[PDB]
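Some notes on the structure that comes next.
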Amino acid sequence: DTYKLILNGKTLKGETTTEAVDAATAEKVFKXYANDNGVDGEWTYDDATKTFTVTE
């Protein structure tokens, strides 16, 4: 399935999707997009849209 990440940095904002078998593969692609943009923060998940958000 298509999983999405919304990257909500303080100033650096972005979005990305990855095709993955499970959510917690997608989350661990997304944490390493997030951290390697140099952006960390609180993490949420929306099951209905398969979308993570990291908010700095």
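We label chains A, B, ... in the order they appear in the structure tokens, count residues from 1 in each chain, and number ligands from 1 in the order shown.
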
Next item on the list: Would you list the contacts of residue 20 of chain A as a PyMOL selection string, taking every protein, DNA or RNA residue within 8 Å and counting only C-alpha atoms, but skipping same-chain residues closer than 5 positions in sequence?
Entry: chain A and resi 1-3+25-26

Next item on the list: May I ask for the distance between atom CA of residue 10 of chain A and atom CA of residue 35 of chain A, given in Å to one decimal place?
Entry: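 Atom CA of residue 10 of chain A sits 13.6 Å away from atom CA of residue 35 of chain A.
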
Next item on the list: Identify, on the basis of only C-alpha atoms, every residue whose closest approach to residue 33 of chain A does not exceed 9 Å; exclude the query and any residue fewer than 6 positions from it along the same chain; express the result as JSON, numbers by chain.
Entry: {"A": [5, 7, 16, 39]}

Output N, CA, C and O atoms of each residue in that selection to a file, as a JSON list (two decimals), in the first residue's frame.
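Output saved as out-v8.json:
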```json
[["chain", "number", "residue", "atom", "x", "y", "z"],
["A", 5, "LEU", "N", 4.06, 10.29, 4.33],
["A", 5, "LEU", "CA", 4.60, 11.05, 5.44],
["A", 5, "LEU", "C", 4.37, 12.53, 5.21],
["A", 5, "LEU", "O", 4.72, 13.05, 4.15],
["A", 7, "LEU", "N", 5.87, 15.86, 6.46],
["A", 7, "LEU", "CA", 7.04, 16.33, 7.20],
["A", 7, "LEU", "C", 6.81, 17.76, 7.62],
["A", 7, "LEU", "O", 7.00, 18.68, 6.83],
["A", 16, "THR", "N", 6.07, 12.86, 1.37],
["A", 16, "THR", "CA", 6.56, 11.77, 0.55],
["A", 16, "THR", "C", 5.73, 10.53, 0.78],
["A", 16, "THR", "O", 5.12, 10.37, 1.84],
["A", 39, "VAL", "N", 15.23, 16.54, 10.42],
["A", 39, "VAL", "CA", 14.00, 16.91, 11.09],
["A", 39, "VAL", "C", 13.50, 15.81, 12.02],
["A", 39, "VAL", "O", 13.23, 14.69, 11.59]]
```

Checklist line | Option closest in space to residue 38 of chain A, from A:19, A:52, A:24, A:13 [counting only C-alpha atoms] | finding: A:13

Note to self: So, with only C-alpha atoms as the atoms that count, which of A:21, A:34, A:12, A:6 lies closest to residue 49 of chain A?
What the structure shows: A:6

Notebook entry, point to check: Distance atom CA of residue 48 of chain A-atom CA of residue 27 of chain A, one decimal place?
Noted result: 15.3 Å

Next item on the list: Rank nothing, just name the residue among A:11, A:23, A:28, A:18 nearest to residue 55 of chain A, using only C-alpha atoms.
Entry: A:11

Next item on the list: Return as number ranges by chain the full set of residues in chain A whose backbone-based DSSP assignment is strand (DSSP E or B).
Entry: A: 2-8, 13-19, 42-46, 51-55

Next item on the list: Just list the residues in chain A DSSP gives alpha helix (DSSP H) on the backbone, as a PyMOL selection string.
Entry: chain A and resi 23-36

Notebook entry, point to check: What gap, in Å, lies between atom CA of residue 56 of chain A and atom CA of residue 30 of chain A?
Noted result: 14.4 Å
